[PDB]
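Asker: For reference, the structure I am asking about is given below.
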2 protein chains.
Amino acid sequence: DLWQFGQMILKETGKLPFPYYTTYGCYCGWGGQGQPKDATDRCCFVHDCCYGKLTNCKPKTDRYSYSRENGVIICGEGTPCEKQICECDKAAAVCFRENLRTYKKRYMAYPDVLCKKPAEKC
Amino acid sequence: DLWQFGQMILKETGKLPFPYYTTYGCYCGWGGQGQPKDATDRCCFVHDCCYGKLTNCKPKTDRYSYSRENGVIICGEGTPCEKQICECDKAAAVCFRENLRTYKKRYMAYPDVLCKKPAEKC
């Protein structure tokens, strides 16, 4: 579920989703309504695409099972949905993390106004 | 700043903003774009109005000073902006908390689609 996606974000980035990620850029912080502004922003787009593929699932509310005991997220057993959903979440948190290098604090609460229209397809 | 608003939310509600509040209902979880669905949702509207009044301020990025050492948020000293911004944040977190009674988990990631148009004015 989003709660676990959230813990993963934090575990992986050291930043709690709000406000670092939930209000970021044009896609994370604007409901997927703008073209991602950078890597960090694109991770949310990839994240939505990933959930997009799980048509048969409730990615946002199905609680899966994972372990990050040794600092690496390992999705455990569960239904196929859970596992797939968890991979998504893992991937997105890994992605945020993998992009702390270009994370820009100034993209938080970015005016939607400078946000350009979604240009990529899942 | 939003980081402190966030800590306040958590301190007061025991729920981290993401996903409990940032994805809630029609206003918190939809960029202020829908009419609040209930109390919890309305707190975000009140929160935006409160920042709305701080035209001369950067409510989202100005770091204020507050204390919640004895379980009650006390905004400390700072610039008038900081103090006012902090009151806003306090008020919103108190509001979330004061409305855990009707908080509905099913309003998280609520489809914008059922969201009705903003009908109140600050």
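Note on naming: chains are A, B, ... as they come in the structure tokens, residues start from 1 per chain, ligands start from 1 in the order shown.
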For residue 79 in chain B, list every protein, DNA or RNA residue within 10 Å, evaluated using only C-alpha atoms, and leave out those in the same chain fewer than 5 positions away; present the list as number ranges by chain.
Answerer: B: 57, 62, 64-65, 84-85
Asker: Where does chain A end up after superposition onto chain B over all in-order Cα pairs? Give it as a JSON list (two decimals) with N, CA and C atoms, in the first residue's frame.
Answerer:
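What ended up in superposed-v3.json:
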[["chain", "number", "residue", "atom", "x", "y", "z"],
["A", 1, "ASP", "N", 8.25, 25.97, 7.65],
["A", 1, "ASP", "CA", 8.16, 25.31, 6.31],
["A", 1, "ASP", "C", 7.29, 24.03, 6.20],
["A", 2, "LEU", "N", 7.14, 23.43, 5.02],
["A", 2, "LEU", "CA", 6.28, 22.22, 4.88],
["A", 2, "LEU", "C", 6.79, 21.03, 5.68],
["A", 3, "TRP", "N", 8.12, 21.01, 5.85],
["A", 3, "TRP", "CA", 8.74, 19.98, 6.66],
["A", 3, "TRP", "C", 8.18, 20.07, 8.11],
["A", 4, "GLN", "N", 8.16, 21.26, 8.71],
["A", 4, "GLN", "CA", 7.58, 21.44, 10.03],
["A", 4, "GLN", "C", 6.08, 21.23, 10.04],
["A", 5, "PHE", "N", 5.38, 21.64, 9.00],
["A", 5, "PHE", "CA", 3.94, 21.42, 8.97],
["A", 5, "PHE", "C", 3.74, 19.91, 9.07],
["A", 6, "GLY", "N", 4.67, 19.21, 8.40],
["A", 6, "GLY", "CA", 4.63, 17.77, 8.33],
["A", 6, "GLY", "C", 4.88, 17.14, 9.67],
["A", 7, "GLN", "N", 5.93, 17.56, 10.35],
["A", 7, "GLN", "CA", 6.20, 17.05, 11.69],
["A", 7, "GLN", "C", 4.96, 17.32, 12.58],
["A", 8, "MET", "N", 4.41, 18.53, 12.48],
["A", 8, "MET", "CA", 3.22, 18.84, 13.27],
["A", 8, "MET", "C", 2.07, 17.89, 13.01],
["A", 9, "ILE", "N", 1.73, 17.68, 11.74],
["A", 9, "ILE", "CA", 0.72, 16.69, 11.36],
["A", 9, "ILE", "C", 0.93, 15.35, 12.13],
["A", 10, "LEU", "N", 2.13, 14.80, 12.02],
["A", 10, "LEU", "CA", 2.54, 13.55, 12.63],
["A", 10, "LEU", "C", 2.43, 13.59, 14.14],
["A", 11, "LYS", "N", 2.96, 14.67, 14.73],
["A", 11, "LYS", "CA", 2.92, 14.84, 16.19],
["A", 11, "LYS", "C", 1.52, 14.86, 16.76],
["A", 12, "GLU", "N", 0.64, 15.44, 15.98],
["A", 12, "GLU", "CA", -0.68, 15.73, 16.39],
["A", 12, "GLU", "C", -1.61, 14.63, 16.03],
["A", 13, "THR", "N", -1.38, 14.02, 14.87],
["A", 13, "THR", "CA", -2.26, 12.97, 14.44],
["A", 13, "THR", "C", -1.67, 11.58, 14.64],
["A", 14, "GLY", "N", -0.36, 11.43, 14.80],
["A", 14, "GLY", "CA", 0.20, 10.08, 14.78],
["A", 14, "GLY", "C", 0.24, 9.45, 13.38],
["A", 15, "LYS", "N", -0.06, 10.26, 12.37],
["A", 15, "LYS", "CA", -0.10, 9.82, 11.00],
["A", 15, "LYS", "C", 0.81, 10.78, 10.30],
["A", 16, "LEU", "N", 1.64, 10.19, 9.48],
["A", 16, "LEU", "CA", 2.58, 10.88, 8.65],
["A", 16, "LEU", "C", 1.70, 11.48, 7.55],
["A", 17, "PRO", "N", 2.04, 12.66, 7.06],
["A", 17, "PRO", "CA", 1.23, 13.27, 5.99],
["A", 17, "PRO", "C", 0.95, 12.33, 4.78],
["A", 18, "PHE", "N", 2.01, 11.76, 4.22],
["A", 18, "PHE", "CA", 1.90, 10.79, 3.16],
["A", 18, "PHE", "C", 1.78, 9.39, 3.77],
["A", 19, "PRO", "N", 0.74, 8.61, 3.37],
["A", 19, "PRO", "CA", -0.30, 9.04, 2.44],
["A", 19, "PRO", "C", -1.60, 9.56, 3.17],
["A", 20, "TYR", "N", -1.66, 9.44, 4.50],
["A", 20, "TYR", "CA", -2.89, 9.76, 5.24],
["A", 20, "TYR", "C", -3.56, 11.09, 4.97],
["A", 21, "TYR", "N", -2.74, 12.11, 4.71],
["A", 21, "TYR", "CA", -3.26, 13.45, 4.51],
["A", 21, "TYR", "C", -3.00, 14.02, 3.13],
["A", 22, "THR", "N", -1.80, 13.80, 2.59],
["A", 22, "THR", "CA", -1.47, 14.34, 1.28],
["A", 22, "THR", "C", -2.31, 13.73, 0.17],
["A", 23, "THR", "N", -2.76, 12.48, 0.33],
["A", 23, "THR", "CA", -3.61, 11.92, -0.72],
["A", 23, "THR", "C", -5.09, 11.87, -0.28],
["A", 24, "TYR", "N", -5.48, 12.62, 0.75],
["A", 24, "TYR", "CA", -6.87, 12.57, 1.23],
["A", 24, "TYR", "C", -7.99, 13.44, 0.56],
["A", 25, "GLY", "N", -9.05, 12.74, 0.15],
["A", 25, "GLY", "CA", -10.22, 13.48, -0.24],
["A", 25, "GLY", "C", -10.01, 14.32, -1.44],
["A", 26, "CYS", "N", -10.71, 15.46, -1.47],
["A", 26, "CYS", "CA", -10.79, 16.29, -2.69],
["A", 26, "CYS", "C", -10.02, 17.53, -2.68],
["A", 27, "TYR", "N", -9.52, 17.85, -1.51],
["A", 27, "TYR", "CA", -8.76, 19.02, -1.33],
["A", 27, "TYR", "C", -7.35, 18.77, -0.85],
["A", 28, "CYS", "N", -7.17, 17.96, 0.19],
["A", 28, "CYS", "CA", -5.84, 17.70, 0.65],
["A", 28, "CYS", "C", -5.12, 16.94, -0.49],
["A", 29, "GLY", "N", -5.79, 15.89, -0.96],
["A", 29, "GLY", "CA", -5.18, 14.90, -1.85],
["A", 29, "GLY", "C", -5.35, 15.10, -3.31],
["A", 30, "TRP", "N", -5.86, 16.28, -3.66],
["A", 30, "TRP", "CA", -6.10, 16.68, -5.02],
["A", 30, "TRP", "C", -5.72, 18.14, -5.27],
["A", 31, "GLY", "N", -4.68, 18.64, -4.61],
["A", 31, "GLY", "CA", -4.19, 19.98, -4.93],
["A", 31, "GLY", "C", -5.12, 21.15, -4.72],
["A", 32, "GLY", "N", -6.03, 20.98, -3.78],
["A", 32, "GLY", "CA", -7.03, 22.00, -3.51],
["A", 32, "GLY", "C", -8.05, 22.14, -4.63],
["A", 33, "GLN", "N", -8.21, 21.11, -5.45],
["A", 33, "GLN", "CA", -8.98, 21.30, -6.68],
["A", 33, "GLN", "C", -10.41, 20.91, -6.51],
["A", 34, "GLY", "N", -10.76, 20.23, -5.42],
["A", 34, "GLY", "CA", -12.13, 19.83, -5.22],
["A", 34, "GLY", "C", -12.69, 20.38, -3.93],
["A", 35, "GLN", "N", -14.00, 20.38, -3.83],
["A", 35, "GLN", "CA", -14.60, 20.72, -2.56],
["A", 35, "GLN", "C", -14.21, 19.69, -1.47],
["A", 36, "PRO", "N", -13.74, 20.20, -0.32],
["A", 36, "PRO", "CA", -13.37, 19.31, 0.81],
["A", 36, "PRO", "C", -14.53, 18.27, 0.97],
["A", 37, "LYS", "N", -14.21, 17.05, 1.42],
["A", 37, "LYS", "CA", -15.24, 16.00, 1.49],
["A", 37, "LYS", "C", -15.79, 15.88, 2.87],
["A", 38, "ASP", "N", -14.96, 16.32, 3.81],
["A", 38, "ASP", "CA", -15.30, 16.28, 5.22],
["A", 38, "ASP", "C", -14.34, 17.17, 6.00],
["A", 39, "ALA", "N", -14.46, 17.08, 7.31],
["A", 39, "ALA", "CA", -13.65, 17.88, 8.19],
["A", 39, "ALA", "C", -12.17, 17.80, 7.83],
["A", 40, "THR", "N", -11.62, 16.60, 7.90],
["A", 40, "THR", "CA", -10.22, 16.40, 7.56],
["A", 40, "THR", "C", -9.84, 17.11, 6.27],
["A", 41, "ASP", "N", -10.61, 16.89, 5.23],
["A", 41, "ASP", "CA", -10.39, 17.58, 3.97],
["A", 41, "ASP", "C", -10.41, 19.11, 4.04],
["A", 42, "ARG", "N", -11.41, 19.62, 4.77],
["A", 42, "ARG", "CA", -11.52, 21.03, 5.02],
["A", 42, "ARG", "C", -10.35, 21.62, 5.77],
["A", 43, "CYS", "N", -9.69, 20.85, 6.65],
["A", 43, "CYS", "CA", -8.56, 21.42, 7.33],
["A", 43, "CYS", "C", -7.57, 21.85, 6.28],
["A", 44, "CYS", "N", -7.37, 21.11, 5.20],
["A", 44, "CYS", "CA", -6.34, 21.55, 4.23],
["A", 44, "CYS", "C", -6.76, 22.86, 3.56],
["A", 45, "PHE", "N", -8.06, 23.02, 3.35],
["A", 45, "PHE", "CA", -8.62, 24.23, 2.72],
["A", 45, "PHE", "C", -8.37, 25.42, 3.64],
["A", 46, "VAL", "N", -8.68, 25.21, 4.91],
["A", 46, "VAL", "CA", -8.42, 26.24, 5.90],
["A", 46, "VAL", "C", -6.89, 26.54, 5.92],
["A", 47, "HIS", "N", -6.11, 25.49, 5.74],
["A", 47, "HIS", "CA", -4.68, 25.65, 5.78],
["A", 47, "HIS", "C", -4.24, 26.54, 4.64],
["A", 48, "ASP", "N", -4.81, 26.36, 3.46],
["A", 48, "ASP", "CA", -4.43, 27.14, 2.29],
["A", 48, "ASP", "C", -4.88, 28.58, 2.40],
["A", 49, "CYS", "N", -6.03, 28.75, 3.02],
["A", 49, "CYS", "CA", -6.54, 30.06, 3.24],
["A", 49, "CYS", "C", -5.62, 30.76, 4.17],
["A", 50, "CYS", "N", -5.14, 30.04, 5.17],
["A", 50, "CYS", "CA", -4.33, 30.63, 6.22],
["A", 50, "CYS", "C", -3.03, 31.11, 5.58],
["A", 51, "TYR", "N", -2.40, 30.30, 4.77],
["A", 51, "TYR", "CA", -1.20, 30.68, 4.00],
["A", 51, "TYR", "C", -1.57, 31.78, 2.99],
["A", 52, "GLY", "N", -2.73, 31.62, 2.37],
["A", 52, "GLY", "CA", -3.24, 32.67, 1.51],
["A", 52, "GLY", "C", -3.13, 34.06, 2.11],
["A", 53, "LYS", "N", -3.36, 34.19, 3.41],
["A", 53, "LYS", "CA", -3.30, 35.49, 4.06],
["A", 53, "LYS", "C", -1.93, 35.99, 4.31],
["A", 54, "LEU", "N", -0.98, 35.08, 4.24],
["A", 54, "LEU", "CA", 0.40, 35.43, 4.51],
["A", 54, "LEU", "C", 1.07, 35.75, 3.16],
["A", 55, "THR", "N", 0.49, 36.71, 2.45],
["A", 55, "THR", "CA", 0.92, 37.15, 1.10],
["A", 55, "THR", "C", 2.36, 37.61, 1.08],
["A", 56, "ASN", "N", 2.73, 38.22, 2.18],
["A", 56, "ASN", "CA", 4.07, 38.75, 2.34],
["A", 56, "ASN", "C", 5.07, 37.70, 2.80],
["A", 57, "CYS", "N", 4.66, 36.42, 2.83],
["A", 57, "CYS", "CA", 5.49, 35.39, 3.49],
["A", 57, "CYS", "C", 5.78, 34.27, 2.55],
["A", 58, "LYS", "N", 6.70, 33.41, 2.95],
["A", 58, "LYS", "CA", 6.90, 32.22, 2.13],
["A", 58, "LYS", "C", 6.48, 31.13, 3.07],
["A", 59, "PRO", "N", 5.15, 30.97, 3.32],
["A", 59, "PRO", "CA", 4.81, 29.89, 4.26],
["A", 59, "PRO", "C", 5.38, 28.51, 4.03],
["A", 60, "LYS", "N", 5.61, 28.17, 2.78],
["A", 60, "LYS", "CA", 6.07, 26.85, 2.50],
["A", 60, "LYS", "C", 7.55, 26.67, 2.72],
["A", 61, "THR", "N", 8.32, 27.74, 2.66],
["A", 61, "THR", "CA", 9.75, 27.51, 2.80],
["A", 61, "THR", "C", 10.42, 28.24, 3.93],
["A", 62, "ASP", "N", 9.68, 29.02, 4.69],
["A", 62, "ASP", "CA", 10.29, 29.73, 5.79],
["A", 62, "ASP", "C", 10.15, 28.85, 7.03],
["A", 63, "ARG", "N", 11.32, 28.61, 7.62],
["A", 63, "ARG", "CA", 11.45, 27.74, 8.77],
["A", 63, "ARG", "C", 11.26, 28.59, 10.01],
["A", 64, "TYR", "N", 10.27, 28.17, 10.77],
["A", 64, "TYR", "CA", 9.90, 28.90, 11.95],
["A", 64, "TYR", "C", 10.37, 28.13, 13.16],
["A", 65, "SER", "N", 9.99, 28.62, 14.29],
["A", 65, "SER", "CA", 10.49, 28.01, 15.44],
["A", 65, "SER", "C", 9.28, 27.61, 16.29],
["A", 66, "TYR", "N", 9.19, 26.35, 16.67],
["A", 66, "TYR", "CA", 8.11, 25.96, 17.56],
["A", 66, "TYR", "C", 8.55, 24.87, 18.49],
["A", 67, "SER", "N", 7.76, 24.69, 19.54],
["A", 67, "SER", "CA", 8.03, 23.62, 20.45],
["A", 67, "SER", "C", 6.77, 22.78, 20.71],
["A", 68, "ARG", "N", 6.93, 21.45, 20.65],
["A", 68, "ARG", "CA", 5.87, 20.55, 21.10],
["A", 68, "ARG", "C", 6.37, 19.64, 22.24],
["A", 69, "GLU", "N", 7.29, 20.14, 23.07],
["A", 69, "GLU", "CA", 7.95, 19.35, 24.15],
["A", 69, "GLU", "C", 6.99, 18.71, 25.17],
["A", 70, "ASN", "N", 5.96, 19.47, 25.53],
["A", 70, "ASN", "CA", 4.91, 18.97, 26.40],
["A", 70, "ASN", "C", 3.61, 18.62, 25.69],
["A", 71, "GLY", "N", 3.69, 18.12, 24.46],
["A", 71, "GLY", "CA", 2.50, 17.66, 23.75],
["A", 71, "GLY", "C", 1.50, 18.67, 23.25],
["A", 72, "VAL", "N", 1.88, 19.92, 23.31],
["A", 72, "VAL", "CA", 1.01, 20.95, 22.79],
["A", 72, "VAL", "C", 1.92, 21.78, 21.94],
["A", 73, "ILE", "N", 1.52, 22.09, 20.71],
["A", 73, "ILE", "CA", 2.42, 22.86, 19.86],
["A", 73, "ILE", "C", 2.43, 24.31, 20.28],
["A", 74, "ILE", "N", 3.61, 24.84, 20.55],
["A", 74, "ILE", "CA", 3.76, 26.24, 20.93],
["A", 74, "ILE", "C", 4.73, 26.85, 19.92],
["A", 75, "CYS", "N", 4.20, 27.77, 19.15],
["A", 75, "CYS", "CA", 4.96, 28.49, 18.14],
["A", 75, "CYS", "C", 5.92, 29.40, 18.84],
["A", 76, "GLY", "N", 7.20, 29.38, 18.51],
["A", 76, "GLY", "CA", 8.01, 30.24, 19.37],
["A", 76, "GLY", "C", 8.18, 31.61, 18.78],
["A", 77, "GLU", "N", 9.29, 32.24, 19.10],
["A", 77, "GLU", "CA", 9.64, 33.50, 18.49],
["A", 77, "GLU", "C", 10.11, 33.31, 17.05],
["A", 78, "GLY", "N", 10.12, 34.42, 16.35],
["A", 78, "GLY", "CA", 10.55, 34.45, 14.98],
["A", 78, "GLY", "C", 10.03, 35.74, 14.39],
["A", 79, "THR", "N", 10.22, 35.86, 13.09],
["A", 79, "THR", "CA", 9.66, 36.99, 12.38],
["A", 79, "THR", "C", 8.12, 36.93, 12.42],
["A", 80, "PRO", "N", 7.45, 38.04, 12.15],
["A", 80, "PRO", "CA", 5.97, 37.92, 12.20],
["A", 80, "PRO", "C", 5.43, 36.83, 11.24],
["A", 81, "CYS", "N", 6.04, 36.75, 10.07],
["A", 81, "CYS", "CA", 5.71, 35.74, 9.08],
["A", 81, "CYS", "C", 5.76, 34.34, 9.66],
["A", 82, "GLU", "N", 6.94, 34.03, 10.20],
["A", 82, "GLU", "CA", 7.21, 32.72, 10.80],
["A", 82, "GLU", "C", 6.14, 32.34, 11.82],
["A", 83, "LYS", "N", 5.90, 33.26, 12.70],
["A", 83, "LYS", "CA", 4.94, 33.04, 13.73],
["A", 83, "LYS", "C", 3.55, 32.75, 13.16],
["A", 84, "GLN", "N", 3.15, 33.53, 12.16],
["A", 84, "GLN", "CA", 1.81, 33.44, 11.53],
["A", 84, "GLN", "C", 1.68, 32.10, 10.72],
["A", 85, "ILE", "N", 2.75, 31.86, 9.99],
["A", 85, "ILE", "CA", 2.86, 30.62, 9.26],
["A", 85, "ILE", "C", 2.77, 29.46, 10.21],
["A", 86, "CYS", "N", 3.49, 29.54, 11.32],
["A", 86, "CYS", "CA", 3.48, 28.45, 12.29],
["A", 86, "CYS", "C", 2.07, 28.25, 12.86],
["A", 87, "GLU", "N", 1.37, 29.34, 13.13],
["A", 87, "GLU", "CA", -0.01, 29.24, 13.66],
["A", 87, "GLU", "C", -0.87, 28.47, 12.65],
["A", 88, "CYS", "N", -0.66, 28.80, 11.39],
["A", 88, "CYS", "CA", -1.41, 28.13, 10.36],
["A", 88, "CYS", "C", -1.19, 26.64, 10.46],
["A", 89, "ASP", "N", 0.08, 26.28, 10.43],
["A", 89, "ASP", "CA", 0.44, 24.89, 10.44],
["A", 89, "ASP", "C", -0.10, 24.24, 11.70],
["A", 90, "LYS", "N", -0.03, 24.96, 12.81],
["A", 90, "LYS", "CA", -0.47, 24.37, 14.07],
["A", 90, "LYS", "C", -1.94, 24.11, 13.88],
["A", 91, "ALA", "N", -2.62, 25.13, 13.41],
["A", 91, "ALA", "CA", -4.04, 25.03, 13.31],
["A", 91, "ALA", "C", -4.40, 23.87, 12.42],
["A", 92, "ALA", "N", -3.61, 23.65, 11.38],
["A", 92, "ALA", "CA", -4.05, 22.60, 10.47],
["A", 92, "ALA", "C", -3.84, 21.24, 11.08],
["A", 93, "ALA", "N", -2.71, 21.08, 11.75],
["A", 93, "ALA", "CA", -2.40, 19.81, 12.40],
["A", 93, "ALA", "C", -3.42, 19.59, 13.54],
["A", 94, "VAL", "N", -3.64, 20.60, 14.37],
["A", 94, "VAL", "CA", -4.69, 20.44, 15.37],
["A", 94, "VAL", "C", -6.03, 20.04, 14.77],
["A", 95, "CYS", "N", -6.32, 20.62, 13.62],
["A", 95, "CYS", "CA", -7.53, 20.34, 12.92],
["A", 95, "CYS", "C", -7.55, 18.89, 12.46],
["A", 96, "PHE", "N", -6.50, 18.42, 11.78],
["A", 96, "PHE", "CA", -6.49, 17.00, 11.38],
["A", 96, "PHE", "C", -6.82, 16.11, 12.59],
["A", 97, "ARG", "N", -6.03, 16.35, 13.63],
["A", 97, "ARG", "CA", -6.12, 15.60, 14.85],
["A", 97, "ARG", "C", -7.52, 15.66, 15.35],
["A", 98, "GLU", "N", -8.03, 16.89, 15.48],
["A", 98, "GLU", "CA", -9.35, 17.10, 16.07],
["A", 98, "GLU", "C", -10.39, 16.39, 15.24],
["A", 99, "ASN", "N", -9.97, 15.86, 14.09],
["A", 99, "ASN", "CA", -10.91, 15.20, 13.19],
["A", 99, "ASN", "C", -10.53, 13.79, 12.85],
["A", 100, "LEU", "N", -9.66, 13.22, 13.66],
["A", 100, "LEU", "CA", -9.41, 11.80, 13.45],
["A", 100, "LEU", "C", -10.70, 10.98, 13.60],
["A", 101, "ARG", "N", -11.71, 11.56, 14.24],
["A", 101, "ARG", "CA", -12.93, 10.85, 14.55],
["A", 101, "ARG", "C", -13.64, 10.46, 13.30],
["A", 102, "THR", "N", -13.60, 11.37, 12.35],
["A", 102, "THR", "CA", -14.22, 11.06, 11.09],
["A", 102, "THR", "C", -13.25, 10.80, 9.97],
["A", 103, "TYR", "N", -11.96, 10.66, 10.29],
["A", 103, "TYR", "CA", -11.03, 10.39, 9.23],
["A", 103, "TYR", "C", -11.42, 9.09, 8.53],
["A", 104, "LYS", "N", -11.57, 9.11, 7.20],
["A", 104, "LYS", "CA", -11.89, 7.88, 6.50],
["A", 104, "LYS", "C", -10.80, 7.46, 5.57],
["A", 105, "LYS", "N", -10.16, 6.36, 5.94],
["A", 105, "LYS", "CA", -9.15, 5.69, 5.16],
["A", 105, "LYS", "C", -9.56, 5.59, 3.67],
["A", 106, "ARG", "N", -10.84, 5.34, 3.39],
["A", 106, "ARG", "CA", -11.32, 5.23, 2.01],
["A", 106, "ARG", "C", -11.29, 6.54, 1.27],
["A", 107, "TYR", "N", -10.93, 7.66, 1.90],
["A", 107, "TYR", "CA", -10.81, 8.91, 1.12],
["A", 107, "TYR", "C", -9.40, 9.15, 0.59],
["A", 108, "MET", "N", -8.50, 8.23, 0.86],
["A", 108, "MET", "CA", -7.15, 8.36, 0.39],
["A", 108, "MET", "C", -7.20, 7.99, -1.07],
["A", 109, "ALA", "N", -6.38, 8.67, -1.86],
["A", 109, "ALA", "CA", -6.33, 8.47, -3.30],
["A", 109, "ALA", "C", -7.76, 8.35, -3.84],
["A", 110, "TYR", "N", -8.58, 9.33, -3.48],
["A", 110, "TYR", "CA", -10.00, 9.39, -3.85],
["A", 110, "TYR", "C", -10.03, 9.82, -5.30],
["A", 111, "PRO", "N", -10.82, 9.14, -6.11],
["A", 111, "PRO", "CA", -10.80, 9.59, -7.51],
["A", 111, "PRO", "C", -11.24, 11.03, -7.69],
["A", 112, "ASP", "N", -10.39, 11.89, -8.26],
["A", 112, "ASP", "CA", -10.70, 13.31, -8.51],
["A", 112, "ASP", "C", -12.07, 13.48, -9.15],
["A", 113, "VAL", "N", -12.42, 12.40, -9.82],
["A", 113, "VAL", "CA", -13.57, 12.22, -10.66],
["A", 113, "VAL", "C", -14.82, 12.41, -9.86],
["A", 114, "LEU", "N", -14.86, 11.89, -8.64],
["A", 114, "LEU", "CA", -16.04, 12.11, -7.81],
["A", 114, "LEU", "C", -15.90, 13.45, -7.09],
["A", 115, "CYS", "N", -14.79, 14.12, -7.32],
["A", 115, "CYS", "CA", -14.61, 15.38, -6.63],
["A", 115, "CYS", "C", -15.39, 16.44, -7.34],
["A", 116, "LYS", "N", -16.14, 17.15, -6.49],
["A", 116, "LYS", "CA", -17.04, 18.21, -6.85],
["A", 116, "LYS", "C", -16.26, 19.50, -6.84],
["A", 117, "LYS", "N", -16.79, 20.50, -7.54],
["A", 117, "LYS", "CA", -16.11, 21.79, -7.69],
["A", 117, "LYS", "C", -16.03, 22.65, -6.30],
["A", 118, "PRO", "N", -14.86, 23.30, -5.84],
["A", 118, "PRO", "CA", -14.53, 24.17, -4.59],
["A", 118, "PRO", "C", -15.74, 25.10, -4.49],
["A", 119, "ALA", "N", -16.36, 25.15, -3.33],
["A", 119, "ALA", "CA", -17.56, 25.92, -3.21],
["A", 119, "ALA", "C", -17.46, 26.95, -2.11],
["A", 120, "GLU", "N", -16.41, 26.90, -1.31],
["A", 120, "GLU", "CA", -16.34, 27.88, -0.24],
["A", 120, "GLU", "C", -15.24, 28.89, -0.56],
["A", 121, "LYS", "N", -15.29, 30.04, 0.11],
["A", 121, "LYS", "CA", -14.26, 31.04, -0.07],
["A", 121, "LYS", "C", -13.47, 31.20, 1.22],
["A", 122, "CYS", "N", -12.17, 31.47, 1.09],
["A", 122, "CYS", "CA", -11.40, 31.76, 2.31],
["A", 122, "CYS", "C", -12.06, 32.98, 3.01]]
Asker: Step one, run DSSP on the backbone; step two, keep only residues of range 16-102 of chain B assigned to strand (DSSP E); then write them as a PyMOL selection string.
Answerer: chain B and resi 66-67+74-75
Asker: Write the selection just made, keeping N, CA, C and O atoms, as a PDB file, in the first residue's frame?
Answerer:
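Written output follows (out.pdb):
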ATOM      1  N   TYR B  66       9.191  26.347  16.673  1.00  0.00           N
ATOM      2  CA  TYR B  66       8.112  25.958  17.561  1.00  0.00           C
ATOM      3  C   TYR B  66       8.551  24.871  18.488  1.00  0.00           C
ATOM      4  O   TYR B  66       9.566  24.186  18.241  1.00  0.00           O
ATOM      5  N   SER B  67       7.757  24.694  19.539  1.00  0.00           N
ATOM      6  CA  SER B  67       8.025  23.615  20.453  1.00  0.00           C
ATOM      7  C   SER B  67       6.773  22.783  20.714  1.00  0.00           C
ATOM      8  O   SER B  67       5.687  23.354  20.930  1.00  0.00           O
ATOM      9  N   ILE B  74       3.613  24.838  20.551  1.00  0.00           N
ATOM     10  CA  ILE B  74       3.762  26.242  20.927  1.00  0.00           C
ATOM     11  C   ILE B  74       4.726  26.846  19.917  1.00  0.00           C
ATOM     12  O   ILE B  74       5.900  26.510  19.854  1.00  0.00           O
ATOM     13  N   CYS B  75       4.201  27.773  19.146  1.00  0.00           N
ATOM     14  CA  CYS B  75       4.956  28.485  18.143  1.00  0.00           C
ATOM     15  C   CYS B  75       5.922  29.399  18.839  1.00  0.00           C
ATOM     16  O   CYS B  75       5.526  30.156  19.718  1.00  0.00           O
TER      17      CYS B  75
END
Asker: When DSSP is applied to the backbone of this structure, which of chain B are assigned alpha helix (DSSP H)? Write them out as a VMD selection string.
Answerer: chain B and resid 2 to 13 17 to 20 39 to 52 80 to 98
